[PDB]
Each structure stands twice: as C-alpha cells, then as structure tokens.
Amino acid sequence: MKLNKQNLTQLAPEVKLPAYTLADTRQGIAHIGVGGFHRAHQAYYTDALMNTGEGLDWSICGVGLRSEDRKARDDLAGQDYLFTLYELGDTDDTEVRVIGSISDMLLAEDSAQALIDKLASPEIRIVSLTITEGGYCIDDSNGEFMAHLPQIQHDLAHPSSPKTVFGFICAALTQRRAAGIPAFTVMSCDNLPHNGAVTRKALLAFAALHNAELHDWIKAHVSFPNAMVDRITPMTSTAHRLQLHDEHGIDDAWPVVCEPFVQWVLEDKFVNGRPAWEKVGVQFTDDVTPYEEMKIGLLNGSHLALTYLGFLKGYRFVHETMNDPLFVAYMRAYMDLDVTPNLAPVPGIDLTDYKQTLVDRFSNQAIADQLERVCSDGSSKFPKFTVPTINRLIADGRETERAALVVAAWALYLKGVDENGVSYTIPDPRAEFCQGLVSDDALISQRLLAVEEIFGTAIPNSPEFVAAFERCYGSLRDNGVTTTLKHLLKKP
C-alpha cells in the first residue's frame, strides 16, 4: 500500500498513525537540510508532542538548498509529506510509525524569494539545521570564518539571491526587521562539539562582512542553543525500503530508518518560543557542551576509527566491524586510552557504562548502518571528530599510534580499492582534491597532512605523529588491516 493521506487508514494494523488531524497543524519551524537525521530525530519528537495534542502550531517546513534535495521534496510531496519512521534493533521493542510533523518542503531552485519569505514569516519561530559537519565554513585550525569560499563570496555579492544557509538566514532576518517581526532562534542539530557556538560565530562573521549594523542586531536578537543530538540514522538504501514493504506492507518512496535509542539534550535559549519538547523526552540543561563533547569524541570518533579500516578490510556495515574482535578491541583502546582522559566532567553520566552502550548500539545487527555513510565526508569530519583528540595527544606527549592509524586508514582508503579488490568512488565533497593528495605514496605525509582546514597545525609539525602515520600507512598497504591491528593491539 502506497503511503499517502488517502491510504493512511488502510495500512497494516501494527503501523502507528498520527493522532492529530493533519489539516489542523500550522508551521513554526523551518528546517534546512531535510535528510534522514532530521526526520528520525527533530521531526520524530515534534510528531510525538503533537500526538499528545499539543504544539500543533509547530509543524515543520523543510528547506532544500541543493540540487540533490529535489528528489527528497518530490518523494515526500507524492506522499502528502507523510513518511514512515522504521525503527530497527536486535534487543528490540521497535515500532513502525507514520510521521506527520513535516507539512511542506521548499527548494531554493524554485524561488530564492519564496524561501526568504517563508523564513521571514512571523509563524516561523525557529530555523533548525542539519547542513552537515562541514556546512558552517569555520576553519578549525585558526577559528576563522572562510569568507573566501566561492558560494560565500556569491552571497555577499548578491544578498537578495543567496545560495547558502548564511545568505538565506541574513536575508530573512533583514526582511523580518523591516516588517517589525521578531528574530527566530537558529537551532543547529549537526555533529559539532559546540554546535550552537559555531553557528553563532559563523553567522556573525558572515553578517560582519555585510555591515556592523546587521551583525550587531543579530548578536543582540538571535539565540544559538548548543545541543547534543543522538540517533543513528542510516541511509535509506533500496534494501531498507524493500524490508519495510516486505514486513509491514507499506510502499514508502523514502522512509527513514533508525535505531530505537534516541536522545536530545538542549540548552533552553529560544528568543521566540519553542515546542514543549520536554513533555516527550527532550532534556534541557544549562550547559550541554560537555555532553556534546563526550558524544562527538567517543561515538563519532569511534565511528571514524572503525569506518576506513572497515571499508579497507571489505566490511560494509557498522555491525560487521563489531563482529570482528580486533575492531572492538581497537575501539575500546581508542575510547579508553586516547579520548576518555581528555573529557570534561559529565554530571549524571557514568563514562564506563556510556562507552559500553556505544559498543552495544554499534553492534545492532538489524539496523544495517552503512560504512559508506560513516566514511562519507571525512574531509569535513576529521577536524570535528578526531583531530581535537590527536592534538591533545600531541600536546601531552601521549602515544598517537592508534589515532594516527585512523588518518593512515583514510589515506589508503582514498585510493579507492579495498583488500578484496572491490573498487569504490569516494563520497566526499572534496573527493577529487583528497584523492589527489594520495597519488604518490612517498609524498602522502607531506601533502595530505599539510591541509590545514582538515588537520590543523600541530599534526604536520609533530615528528612523533608523522612517524606514526607513516608506519601505519605502510603497514596497512603491505600487511593489511588485520595484521596491522594485531600488531598495534600489542603495544604497551
């Protein structure tokens, strides 16, 4: 049965349906970057609130700034913006639920002004983001906003026909001001240690390139809450979509699949209101940064440590690496010896138990999370997930070998062929550029480690780290992933 409003009451019995009248919802959030995570997390909690009969005025209007967003818009529009949330887990108490909290999705390609108008409408009180780890344009080595990027220069030159998130948000805020409409809160839901602070720094830096006045007004009227957002959400591959039809009879052009576990801890900093998400499990705390630092360092850091080595070994899913005891031992050593000592205190959390839950969640066999997804965009993910840890090891004079292996694994992985002879394309926005850095084995450490917006300035200037990187890369190439891990796991 095709998922749409017409068929909503004719799906399998076990399928949970929105308990509110879809036609009575009104928009309050504009979400930029409608992919899987937004749908499995923010749209999920908002739909859960609506099912209690509250917050029906907090519907989401999706926003797509990229050509690839057209397919998402068309797939959802063909379902009256309904989509299936399909939870997959082993120690499972999982549900299949139709989500009705997204009511539309606008594309910049259809009209820049229609999108500005939507973002500037008084009903829209929060502009949320899942624009990916590298979408904020801040160079982590020096904390500088990357004003020179072409799309940023484009928006400065054509503020009324922007293409980036910064250009759209500034144009919307200017229009709201001219109408006497209050600012909205900008709510980042991306994996950055201090995601709200980064969003603030970037938007202000961009606004400053326009005029001090817009910059000053934004600094004083817009809030940028930090958050820890957590819910493993694989890509919806054909197999995931077919499994939904096979098991629950729904023909959904684009369901979202995700693990049963879900958490959201937010700083309560909203200038123009927000849904009562705490009624459905969202947690609010004064300073969420140590929790987000913790999750990024341990969960995302471990994901990168597993993913390139796993792809090279020939694995294709996260649970497969967890079925390899050498990978599990390596992740535990990385988490316990390299990351843990660097973490700020996390009130109410026992780190040992938390690290075990990461092992448990990554071991979920039913979810089938793709290493191709986890590997994607390493050029933007390294400075967020791994380099901070490496820099601390370098500064402390601590062993860098396990962390260096992650970077060496990525370097070898960029050549595009695994140990079984299977060739792959590199899913990275700077793929061509990164593959170029590894065209000559003898020059890899000099070229790859010298990209400042990826690795910073400590790594290339560290003899200890460079030697470890070179040892690791040669071992991976000559002896393979398995033998390299065995040797490493025996170092003191």
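A residue's number is simply how far along the shown sequence it sits, counting from 1.
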Using only the Cα atoms and their B-factors as the entry lists them, report which of 16 to 24 and 478 to 486 averages higher. 16 to 24
Which wins on mean Cα temperature factor, 31 to 39 or 61 to 69? 61 to 69
Candidate set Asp350, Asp338, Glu293, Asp80 [ranked by C-alpha B-factor, highest]: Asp350
Among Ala467, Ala48, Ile459, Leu56, which residue carries the highest C-alpha B-factor recorded in the PDB entry? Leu56
Considering every modelled residue of the chain and its Cα B-factor in the PDB entry, is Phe168 in the lowest, middle or highest third? lowest
Give the position of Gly134 by CA B-factor within its chain, expressed as the lowest, middle or highest third. middle
Among modelled residues of the same chain, the CA temperature factor third for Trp410: lowest
Rank-wise, by C-alpha B-factor, drop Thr307 into the lowest, middle or highest third of its chain. lowest
Just say lowest, middle or highest third for the CA B-factor of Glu372 relative to the other modelled residues in its chain. lowest
